[PDB]
Structures are given as structure tokens and as C-alpha cells.
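Protein chains in written order, with PDB author numbering: chain A, 615 to 797, 801 to 1003, 1012 to 1022; chain B, 819 to 1003, 1012 to 1022. The structure appears right after this line, and notes come after that.
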Amino acid sequence: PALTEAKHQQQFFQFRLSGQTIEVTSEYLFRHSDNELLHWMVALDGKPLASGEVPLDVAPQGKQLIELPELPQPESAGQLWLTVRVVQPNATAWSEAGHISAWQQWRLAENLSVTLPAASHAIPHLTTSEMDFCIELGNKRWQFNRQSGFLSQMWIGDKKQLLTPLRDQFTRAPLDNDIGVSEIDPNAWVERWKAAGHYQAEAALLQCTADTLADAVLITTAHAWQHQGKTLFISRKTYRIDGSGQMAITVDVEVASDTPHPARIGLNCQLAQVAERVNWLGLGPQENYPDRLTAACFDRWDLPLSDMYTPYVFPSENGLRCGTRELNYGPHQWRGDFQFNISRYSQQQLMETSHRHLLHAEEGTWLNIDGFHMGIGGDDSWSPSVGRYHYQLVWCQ
Amino acid sequence: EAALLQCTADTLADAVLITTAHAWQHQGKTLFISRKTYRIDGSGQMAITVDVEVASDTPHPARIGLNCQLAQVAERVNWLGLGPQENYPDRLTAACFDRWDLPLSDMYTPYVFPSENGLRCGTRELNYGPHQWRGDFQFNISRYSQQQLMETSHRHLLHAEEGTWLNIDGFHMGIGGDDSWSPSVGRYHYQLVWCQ
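Structure below.
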């Protein structure tokens, strides 16, 4: 996967956008771009709207201005995107016909989301019990354990959906950079995390549990993760299931300053559904990270579940897709603006297992939808190379 | 122009919940959308969570926060945060975090050309008269409205408006300062607690 990012970052053609025209500059110094053909496309939240091809004729170290046609200006809500791709139509001594040499993207005019009425007409009588809060809307049921403060099980009719309760994950598997030269290096990031006890922090349940409203049921909870008595993180969640079945979860997370920065902020679980493909609208199709999202392209991507995990010999945190405004996997769908990875292996198994060939496919599917995540670094592999946060997620089907 | 919406909620077990949103549009194009949530408990503490989204195509908004004009006119302003002199996100280096108390006159700096001033960032707790606001924000307090500051070209022409003006902002851009002939400087959320 790193090859694609290197290819994108090493392209010979840099692009600048000025209104409608496009400025194309060639880094070649002796040769003319006589074997290139630009392909520009317009997409509104994934669906293409307009496209065209402009052959490239730019002198070495020169500039070429490409005047686009009258681009569409739809009134539909969303973000318009301009994707330009330079393609070599003729096969060279080292390439095939239609070779892609460079591509770049820009954000065009964005129309703020307009209509989105939540709920229809359903005051849900959440079954208040001592051990859990049970909420039922037709064939759909959600269970909220009152002793752990986490979503235990959700129902689509009869079949179960969650093999692991929805919990927050502050940790990611060992990273070569984090490891540095540890096996113990005090400045290693994973060693600092272990010393802070983030991997062994225990969630302590609290309360704030709320009740139903006019057309929905409101759940408000908070937890305290403490390692040997010191509170590392505190997060306050808010769960909102409307009459249409859409579940909105707002989580606000605070972090102690003295502790090292947490690896990730987001939710983790193990779904019972095992689908053959993963569909999302966001940066892709290959995996990406906050510090390595440059090569990632915003578009509606669909990949098989096998492609969702990269075959690194040393297992670690991988398969991450950032900037995902909408996710699709089986019957469920999550919307918003987040980053996620989906795989059949848990982070615990990734940490424990040293070789890829020793990895075993766990039951169901593992999901880690994270609001935020640090970069992976990469300046060097023997030293580090990389307070209050909130994320909003919408769960639908 | 702010266009009102709904989402208005109702009371809970020990409190009353209000949820609203507005749309600010200029000639039909929605510039910003913010969804607020107001929470008054049984102790009188009012918690206001506001989540703000901004259109990408529009230029970055100057500030995100709440504005009003209090009836109370107190002689001093007390806060715990960066100070005691005014500070800005790009010029908070000299600011020192401590419990500062200053008279209301010191809350406004006598720049001859009136503009946005008196800002105190990193204020975890604010005190002014009977009210008090806590959290993590930036604010300025003065007797002159931003409209009067924009309209008035000289300081000596400024007139003290009735009451006191407050602009508690969750976020604010820097002021720049590299040069004076060119610029030198999407989705946000703030939590405030109102008490007395």
C-alpha cells in the first residue's frame, strides 16, 4: 500500500486551481508531455456529474492553463469535488497503454446539508429494568447494560448483531515507530502508553442515565478509566434513537494532560454480520492515515473484506480508512465524518501475533470507528516520529 | 440573517431540555448552521452545548461564540485564565494562566481606532457581578458593542452603551500582524456552563 502513496507524492505534475481554470506545471526538464491526456471529473458526494479530457502540451519547467467548461452548480446539499487524472494513453518502454501518471483533487462549492427530519411519530416506552435499558422500535431492539454502561446487544428481528458490546478504544496495536528500539526504551511510544496503563485502563461505569422525550429515548452516560487510581480519560456519551431507527451517539472525551496522548478516540465492537464487501464514501480506496492521507481520494469506494486488511507480515493496526462521511457494511450504515478500519482480527490478536501467517480469523467482524487518531510517523524506526475531544456518529440501517 | 428552526425538546427527570438550530443565509446561500442544546438543572446551572458547521466555500468565520448585553454593570471583572492583559490565539504567548481580577475600564484597551479588543483567551472560569461561567473559552467584556466599534473611527467618539456587552467565544482566528496591507492570519462545538 505504501507504493501508491509514494507514487502520488512523487508525481511529475503539480496542479493549482484558480476558479475555473487549472494551472498545470511539469517537473520534466528536457522532455515535452507528448504522451499525456488529462481526465477531469466532477462528483457530488460520490456520484459523477460532469467530466472531460484535455490533452496536455506543456514545455519542460513550463506552465499550462486548462480552461474548464461551465461546471455544474447543483442545488443539492453536499460537497462538489474536482478530480483530475493525468493518463498516458500510449504504452511506453516501461508502462502499458492508459498508464496513470498523476492525479489531484480539490473541494468545490459545498451546499450545506438541508432537509434531514429525524423520527416520524413514535414515543418509545423504553423497558426500564434494573439490569439493562431495553428500547424496542418495531423489529429493531437495542439493549443498554446498566452495570457496564455500554451497548450490549442490538436486534434486527431475532438475529443478534453485536458479538462484542460497543466500547471505546483508546489503544492501537504496536507500531514500528512507537516501538523504536524497544523489546525497554523509555521514550518509545508504546512503552510510554504501557507505563501510563492505557492498555490496562479499566472503565468504571457512572450514571447521568436520562429517559424518553417526545418522540425518542435519551440515554446519557459517562465512564472513568483509571490505571492504579489515576483517572486517565473521562468521556460522556449521549445516545439518541429516533422514531425512524436512526441512532445518534455524541461522545465528548477529555484527557489528562500529564498522561501521554491516547492512541485513538473512537468506538470498538465485533459485529455478528460477515459481509463479502465494504462500501464507503470517503478517502480511499487504499488504506490511509491522518499523516498519510495525501494519496487518499474522496469517492464512493467498495472493496471486498479481504482488501480491508493489508497483508503486513508483522500484524499491527492497519486497514484504516479516514475521512469516511458514510459507511456501508451489510445491513447497517454509519454517517458523519470519521475514520475507521474493518477486519476479522481483533487488536488484541494483532498485538499478540508476531507473524501474519499465524493470524486466525475471529468470528464475526471487528469494527473500530474512531473520531480521531494520531499519525504513524515514519521519519525513523528507533525513536518517536509522530486534551478534550468530541465526535458525532449516526447509526442507521 | 438567522432563520429559526425547531427540534425544541421538553423536560427530563430533574431538568428541562431545549434543543434548537438556526440557519444563517446571505442571499439564499446557507453560510453557517449551528445546533444548540440548553440544560438547566435543579441547582440553576445552565449548560449550553452548541455544535457549529460552516460551508467550505465561504471564507472562514471571524468568531464562533455567543453575544449579549447584560443589564448588570459591575466595577470589576474576575476570571481564572490567561492574563491579566488582553491576549489572542496567535498572541497568547505573553498571557499567564492565573486568577486575575481587573476593573471594567481595564477590560477595554484605549486604541484610538476602535476595533475588536479586550479579548481574554483560555478563561476556564469567569466572574462578573452575580453570574459566573465555567469551561474553557475566550471572551471580551466592554461597554461598547461591536457595531459601534465598527462604525466609530476615533476612540474619543465612542460612547458608553447601557449595561455591559459580553462576547463569550469558543473559537477565534488569529489577528496576524506580518503586514498591514495583505492578509496575515469547518465543524466546531463548544460547551459552556452558566451559574450564579
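We treat Cβ as the ideally placed atom computed from N, Cα and C, and that holds for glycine.
1. Contact check, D828(B) vs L835(B) under 8 Å by CB: the rounded distance?
2. Please decide whether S852(B) counts as near chain A, where near means a Cβ-Cβ distance under 8 Å.
3. Round the Cβ separation of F850(B) and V870(B) to the nearest angstrom and send it over; I've been treating them as touching at under 8 Å.
4. Determine which residues share a DSSP beta bridge with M864(A) and list them.
5. Please tell me whether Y946(A) and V895(A) are closer than 8 Å, where the distance is taken between their beta carbons.
6. Would you mind giving the Cβ-Cβ distance between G981(B) and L888(B), rounded to the nearest angstrom? I have them listed as a contact below 8 Å.
7. Considering only the beta carbon of each residue, do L898(B) and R917(B) sit closer than 8 Å?
8. Using the DSSP secondary-structure output, state which residues sit across from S632(A) in a beta bridge.
9. Assuming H949(A) is part of the beta strand (DSSP E), what are its boundary residues?
10. Please go through the same chain and pick out, in chain order, the residues whose beta-carbon is closer than 8 Å to the beta-carbon of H1015(B), but skip the five residues on each side of it.
11. From what residue to what residue does the beta strand (DSSP E) around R721(A) run?
12. Do you know offhand how far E641(A)'s Cα is from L685(A)'s?
13. Kindly indicate which three-state DSSP category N791(A) falls into: helix, strand or coil?
14. Do you know how far the Cα of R909(A) is from the Cα of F915(A)?
15. Quick check: what's the CA-CA separation for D919(A) versus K847(A)?
16. So which residues of chain E does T848(B) contact, with C-beta pairs closer than 7 Å?
17. Over what stretch of residues does the beta strand (DSSP E) that includes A620(A) continue unbroken?
18. Pull up the CB-CB distance for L679(A) and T635(A), whole angstroms please, since I reckon it's below 8 Å.
19. Can you tell me whether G901(B) is buried or exposed, with buried defined as 16 or more other CB within 10 angstroms of its CB?
20. Could you tell me if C825(A) is buried or exposed, where buried requires 16 or more neighbouring beta carbons within 10 angstroms of its beta carbon?
21. Give me the residue from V807(A), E750(A) and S923(A) with the minimum Cα distance to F784(A).
22. Taking Cβ positions, are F957(A) and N985(A) nearer each other than 8 Å?
23. With H, G and I counted as helix, E and B as strand and the rest as coil, what does DSSP make of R909(B)?
24. Just grab the DSSP bridge partners of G901(A) for me.
25. For a cutoff of 8 Å on Cβ pairs, would you count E819(B) as touching chain A?
26. Count the other CB atoms, across all protein chains shown, that sit within 10 Å of the CB of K677(A); report buried if there are 16 or more and exposed otherwise.
27. Tell me, which residues are paired with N649(A) by DSSP?
28. With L631(A) and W717(A) assumed to form a contact (beta carbons below 8 Å), what rounded beta-carbon distance in angstroms separates them?
29. Can you check whether the C-beta of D859(B) is within less than 8 Å of a C-beta belonging to chain A?
30. Since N905(B) and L937(B) should fall inside the 8 Å C-beta cutoff, what is the C-beta to C-beta distance between them, to a whole number of angstroms?
31. Using a Cβ cut-off of 8 Å (strictly closer), state whether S1000(B) contacts chain A.
32. Tell me the residue span of the alpha helix (DSSP H) that contains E969(B).
33. Output yes if chain A places a C-beta closer than 8 Å to the C-beta of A827(B); else output no.
34. Determine the direct distance from the alpha carbon of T876(B) to that of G692(A), and round the result to whole angstroms.
35. The beta strand (DSSP E) with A841(B) in it runs from where to where?
36. Three-state secondary structure (DSSP) at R973(B)?
Well, looking at it:
1. 7 Å
2. no
3. 6 Å
4. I858(A) and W1020(A)
5. yes
6. 6 Å
7. yes
8. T635(A)
9. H949 to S960
10. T867, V868, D869, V870 and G988
11. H713 to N725
12. 28 Å
13. helix
14. 14 Å
15. 43 Å
16. Annotation note: the requested chain E is absent from the structure, which comprises protein chains A and B.
17. Counting along the chain, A620(A) falls outside any beta strand (DSSP E), though it belongs to the alpha helix (DSSP H) covering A616 to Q623.
18. 5 Å
19. buried
20. exposed
21. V807(A)
22. yes
23. helix
24. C914(A)
25. no
26. exposed
27. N649(A) pairs with nothing; no bridge assigned.
28. Actually they do not touch by this definition, with Cβ atoms about 14 Å apart.
29. no
30. 7 Å
31. no
32. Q964 to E969
33. yes
34. 14 Å
35. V834 to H844
36. helix
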